[PDB]
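J.: Dropping a structure here in structure tokens format, bear with me for questions.
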Amino acid sequence: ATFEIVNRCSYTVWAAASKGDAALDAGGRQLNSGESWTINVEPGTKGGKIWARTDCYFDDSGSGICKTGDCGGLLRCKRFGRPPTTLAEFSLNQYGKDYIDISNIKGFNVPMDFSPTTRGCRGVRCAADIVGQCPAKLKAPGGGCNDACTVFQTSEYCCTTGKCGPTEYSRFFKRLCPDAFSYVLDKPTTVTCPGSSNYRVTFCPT
Ligand SMILES: NC[C@H]1O[C@H](O[C@H]2[C@H](O)[C@@H](O)[C@H](N)C[C@@H]2N)[C@H](N)[C@@H](O)[C@@H]1O
């Protein structure tokens, strides 16, 4: 499957793509304002994620640091990134279907639209100003708005026992972006697309 990743933000981001134990395609790249990066993701990829990173510094060996979304100091991510990170999530070719969603379960750093470029399903978007409105206890100094699990590390916020409800903090994310997961047991906002669809991820879509 093809994913086109487009940075429409006025600032540079460093895109990342990983299925947790491995890079997807090159795994990461700098995207200046307006740049597009096209990657190929193997059919059958389960649990893939794409996100943006802000305020990164890398040396010539592709090693360094980012203020949001850092994946152990690497330009090319092999693993998932440190919150806060707005997440485009996907599982491809699962019994003939693709499943896509956007999630704020790991917080929010950059607004995002996640849309199919082929026929047969709709896209999802979280483009509200979550950072500007972020509750004070969730504000990350580096930028972005952390989820409550990352900040407080309780069973209720992390949904550790498999049982948990919504919270004042989850409802904040849900109010600004109803189409994104706001906590682990949120009512699914997953979208079902035809198997082997293609997609575009746009940072700062509006
Ligand atoms: N709070 C301190 C610890 O956890 C943080 O966040 C984790 C974060 O909890 C994971 O969900 C993420 N995938 C990686 C990230 N390292 C920090 N990134 C690390 O400093 C440390 O692992």
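Starting from 1 in every chain, residues are counted up; chains themselves are A, B, ... following the order of the structure tokens, and ligands are numbered from 1 as listed.
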List all protein, DNA and RNA residues that have at least one atom no more than 9 Å from any atom of ligand 1, counting only C-alpha atoms and all ligand atoms, and write them as a short mmCIF file (atom, residue, chain, number, x, y, z; two decimals) with N, CA, C and O atoms, in the first residue's frame.
T.:
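Result went into part_3.cif, see below:
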data_model
loop_
_atom_site.label_atom_id
_atom_site.label_comp_id
_atom_site.auth_asym_id
_atom_site.auth_seq_id
_atom_site.Cartn_x
_atom_site.Cartn_y
_atom_site.Cartn_z
N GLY A 20 6.32 -0.63 15.49
CA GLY A 20 6.63 -0.91 16.90
C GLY A 20 7.91 -1.68 17.14
O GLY A 20 8.69 -1.33 18.02
N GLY A 69 7.51 13.18 20.16
CA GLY A 69 7.50 12.02 19.29
C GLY A 69 8.81 11.29 19.08
O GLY A 69 8.87 10.42 18.22
N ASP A 70 9.83 11.63 19.87
CA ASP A 70 11.17 11.04 19.74
C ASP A 70 11.13 9.51 19.86
O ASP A 70 10.44 8.98 20.73
N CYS A 71 11.83 8.80 18.97
CA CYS A 71 11.83 7.33 18.95
C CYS A 71 13.25 6.89 19.28
O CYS A 71 14.04 6.57 18.39
N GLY A 72 13.63 6.95 20.55
CA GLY A 72 14.99 6.64 20.97
C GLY A 72 16.11 7.36 20.24
O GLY A 72 17.14 6.76 19.97
N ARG A 79 10.98 2.11 16.49
CA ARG A 79 9.96 1.89 17.46
C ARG A 79 9.06 3.12 17.55
O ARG A 79 9.24 4.09 16.82
N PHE A 80 8.07 3.05 18.44
CA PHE A 80 7.10 4.12 18.58
C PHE A 80 7.70 5.27 19.35
O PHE A 80 8.71 5.13 20.03
N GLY A 81 7.05 6.43 19.20
CA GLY A 81 7.57 7.67 19.71
C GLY A 81 7.01 8.07 21.06
O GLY A 81 5.93 7.65 21.50
N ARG A 82 7.77 8.90 21.73
CA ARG A 82 7.42 9.37 23.04
C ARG A 82 6.29 10.42 22.95
O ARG A 82 6.40 11.35 22.19
N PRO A 83 5.19 10.25 23.72
CA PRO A 83 4.11 11.22 23.79
C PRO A 83 4.63 12.59 24.16
O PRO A 83 5.66 12.68 24.80
N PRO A 84 3.94 13.65 23.76
CA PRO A 84 2.65 13.60 23.08
C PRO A 84 2.76 13.47 21.55
O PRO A 84 3.59 14.14 20.93
N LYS A 106 -2.27 8.77 23.10
CA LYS A 106 -0.93 9.12 23.49
C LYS A 106 -0.73 10.62 23.38
O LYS A 106 0.40 11.08 23.17
N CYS A 149 -2.82 9.27 31.05
CA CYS A 149 -2.08 8.06 31.39
C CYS A 149 -0.58 8.37 31.46
O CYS A 149 0.07 8.12 32.47
N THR A 150 -0.05 8.97 30.41
CA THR A 150 1.34 9.40 30.41
C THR A 150 1.65 10.29 31.60
O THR A 150 2.66 10.12 32.24
N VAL A 151 0.81 11.26 31.91
CA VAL A 151 1.15 12.15 33.01
C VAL A 151 0.98 11.52 34.38
O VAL A 151 1.84 11.68 35.19
#
J.: Please identify all polymer residues within 6 Å of stretch 189-206 of chain A, counting only C-alpha atoms, omitting same-chain residues fewer than 2 positions from it, and present them as a VMD selection string.
T.: chain A and resid 1 to 9 93 96 to 101 111 to 118 121 179
J.: Quick one: write out the picked residues with N, CA, C and O atoms as a short mmCIF file (atom, residue, chain, number, x, y, z; two decimals), in the first residue's frame?
T.:
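Written file, again_11.cif:
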data_model
loop_
_atom_site.label_atom_id
_atom_site.label_comp_id
_atom_site.auth_asym_id
_atom_site.auth_seq_id
_atom_site.Cartn_x
_atom_site.Cartn_y
_atom_site.Cartn_z
N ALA A 1 0.85 -1.22 0.00
CA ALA A 1 0.00 0.00 0.00
C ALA A 1 0.88 1.26 0.00
O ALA A 1 1.99 1.29 0.52
N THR A 2 0.37 2.31 -0.62
CA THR A 2 1.08 3.57 -0.69
C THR A 2 0.47 4.55 0.30
O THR A 2 -0.74 4.66 0.40
N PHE A 3 1.34 5.22 1.05
CA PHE A 3 0.93 6.32 1.90
C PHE A 3 1.69 7.56 1.44
O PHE A 3 2.92 7.58 1.42
N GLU A 4 0.96 8.61 1.10
CA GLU A 4 1.59 9.90 0.88
C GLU A 4 1.45 10.74 2.15
O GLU A 4 0.34 10.94 2.64
N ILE A 5 2.57 11.22 2.66
CA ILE A 5 2.60 11.98 3.92
C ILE A 5 2.99 13.41 3.57
O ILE A 5 4.06 13.65 3.06
N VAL A 6 2.08 14.34 3.84
CA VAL A 6 2.18 15.72 3.43
C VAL A 6 2.23 16.63 4.65
O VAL A 6 1.36 16.54 5.51
N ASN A 7 3.25 17.48 4.73
CA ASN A 7 3.36 18.49 5.77
C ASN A 7 2.80 19.83 5.26
O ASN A 7 3.46 20.55 4.51
N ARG A 8 1.58 20.16 5.67
CA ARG A 8 1.00 21.44 5.32
C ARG A 8 1.24 22.46 6.48
O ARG A 8 0.78 23.59 6.42
N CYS A 9 1.95 22.06 7.52
CA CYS A 9 2.25 22.99 8.60
C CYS A 9 3.22 24.06 8.09
O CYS A 9 3.97 23.85 7.11
N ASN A 93 -5.23 -5.28 5.23
CA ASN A 93 -5.50 -6.63 4.70
C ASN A 93 -5.81 -7.62 5.82
O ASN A 93 -5.16 -8.64 5.92
N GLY A 96 -9.51 -9.28 4.35
CA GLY A 96 -10.06 -8.51 3.24
C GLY A 96 -10.36 -7.03 3.49
O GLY A 96 -10.82 -6.35 2.58
N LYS A 97 -10.09 -6.53 4.69
CA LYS A 97 -10.35 -5.12 5.03
C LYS A 97 -9.10 -4.40 5.56
O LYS A 97 -8.17 -5.02 6.14
N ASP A 98 -9.09 -3.09 5.37
CA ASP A 98 -8.13 -2.18 6.01
C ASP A 98 -8.90 -1.48 7.12
O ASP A 98 -10.08 -1.19 6.95
N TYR A 99 -8.23 -1.24 8.25
CA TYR A 99 -8.79 -0.50 9.39
C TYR A 99 -7.90 0.69 9.72
O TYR A 99 -6.70 0.54 9.99
N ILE A 100 -8.48 1.88 9.66
CA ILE A 100 -7.73 3.09 10.00
C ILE A 100 -8.41 3.91 11.10
O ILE A 100 -9.63 3.86 11.25
N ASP A 101 -7.61 4.64 11.88
CA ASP A 101 -8.15 5.57 12.88
C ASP A 101 -7.10 6.61 13.21
O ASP A 101 -5.92 6.47 12.89
N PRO A 111 -2.00 18.77 14.40
CA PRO A 111 -3.26 18.36 13.83
C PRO A 111 -3.04 17.51 12.59
O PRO A 111 -1.97 17.59 11.94
N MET A 112 -4.05 16.73 12.24
CA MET A 112 -3.85 15.68 11.26
C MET A 112 -5.16 15.26 10.58
O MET A 112 -6.19 15.13 11.23
N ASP A 113 -5.09 15.05 9.27
CA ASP A 113 -6.13 14.41 8.51
C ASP A 113 -5.57 13.06 7.97
O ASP A 113 -4.43 12.98 7.54
N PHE A 114 -6.35 12.00 8.08
CA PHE A 114 -5.94 10.67 7.61
C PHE A 114 -7.05 10.16 6.68
O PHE A 114 -8.12 9.79 7.15
N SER A 115 -6.78 10.19 5.36
CA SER A 115 -7.79 9.93 4.32
C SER A 115 -7.31 8.93 3.27
O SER A 115 -6.13 8.90 2.90
N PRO A 116 -8.23 8.10 2.78
CA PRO A 116 -7.94 7.19 1.68
C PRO A 116 -7.82 8.00 0.40
O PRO A 116 -8.48 9.01 0.26
N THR A 117 -6.93 7.60 -0.49
CA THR A 117 -6.84 8.25 -1.80
C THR A 117 -7.47 7.37 -2.84
O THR A 117 -7.48 7.73 -3.97
N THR A 118 -7.95 6.20 -2.44
CA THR A 118 -8.71 5.30 -3.31
C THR A 118 -10.15 5.28 -2.84
O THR A 118 -10.50 5.89 -1.84
N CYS A 121 -14.39 4.44 1.24
CA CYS A 121 -14.51 4.77 2.66
C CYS A 121 -14.16 6.24 2.81
O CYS A 121 -13.59 6.82 1.93
N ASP A 179 -13.86 12.44 16.46
CA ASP A 179 -13.48 11.33 15.57
C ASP A 179 -12.17 10.64 15.88
O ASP A 179 -11.73 9.78 15.12
#
J.: Which one is closest to residue A:92: A:66, A:41, A:56, A:128? Count only C-alpha atoms.
T.: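 Smallest separation from residue A:92 among the options: A:41.
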J.: Could you write out, as number ranges by chain, all the residues of stretch 60-206 of chain A that DSSP marks as alpha helix (DSSP H)?
T.: A: 130-133, 148-152, 155-158, 168-176
J.: List as a ChimeraX atom specification the protein and nucleic acid residues near residue A:54, meaning an atom at most 10 Å away when only C-alpha atoms are counted, but skip any in the same chain fewer than 2 places from it.
T.: /A:11-15,52,56-57,65-70,85,109-110,142-144
J.: Keeping only C-alpha atoms, write those residues as an mmCIF file, in the first residue's frame.
T.:
data_model
loop_
_atom_site.group_PDB
_atom_site.id
_atom_site.type_symbol
_atom_site.label_atom_id
_atom_site.label_comp_id
_atom_site.auth_asym_id
_atom_site.auth_seq_id
_atom_site.Cartn_x
_atom_site.Cartn_y
_atom_site.Cartn_z
ATOM 1 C CA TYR A 11 6.931 24.629 10.421
ATOM 2 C CA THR A 12 9.159 21.648 9.684
ATOM 3 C CA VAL A 13 8.203 18.299 11.048
ATOM 4 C CA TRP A 14 10.016 15.042 11.039
ATOM 5 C CA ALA A 15 7.619 12.297 9.977
ATOM 6 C CA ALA A 52 4.981 13.842 13.353
ATOM 7 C CA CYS A 56 14.384 17.776 16.249
ATOM 8 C CA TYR A 57 18.179 17.980 15.918
ATOM 9 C CA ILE A 65 16.614 14.345 19.754
ATOM 10 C CA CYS A 66 13.071 15.733 19.228
ATOM 11 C CA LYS A 67 10.780 17.550 21.680
ATOM 12 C CA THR A 68 7.703 15.541 20.693
ATOM 13 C CA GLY A 69 7.503 12.024 19.291
ATOM 14 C CA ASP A 70 11.167 11.044 19.735
ATOM 15 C CA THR A 85 1.934 12.336 19.533
ATOM 16 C CA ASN A 109 1.196 17.444 19.095
ATOM 17 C CA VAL A 110 0.133 18.249 15.539
ATOM 18 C CA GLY A 142 8.280 20.826 24.778
ATOM 19 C CA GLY A 143 4.958 21.575 23.058
ATOM 20 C CA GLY A 144 1.853 19.454 22.739
#
J.: Distance atom CA of residue A:95-atom CA of residue A:42, one decimal place?
T.: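 A separation of 15.2 Å between them.
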J.: Find the spatial neighbours of residue A:166, counting only C-alpha atoms, within a cut-off of 12 Å - ignore same-chain residues fewer than 6 positions away - and output them as an MDAnalysis selection string.
T.: chainID A and resid 105 148:149 156:159 172:175 181:187
J.: Taking the DSSP assignment computed from this structure's backbone, write out as a count of residues only all residues of stretch 162-196 of chain A that belong to strand (DSSP E or B).
T.: 6
J.: Where does stretch 74-103 of chain A meet stretch 22-32 of chain A within 6 Å, residue by residue, with the nearest atom pair and distance in Å to one decimal for each, counting only C-alpha atoms, listed by chain and rising number, as CSV?
T.:
residue,atom,partner,partner_atom,distance
A:75,CA,A:28,CA,5.7
A:76,CA,A:28,CA,4.3
A:77,CA,A:27,CA,4.8
A:78,CA,A:23,CA,4.3
J.: Residues at most 8 Å from residue A:50, counting only C-alpha atoms, excluding those fewer than 6 positions away in the same chain, as a PyMOL selection string?
T.: chain A and resi 15-18+87-89
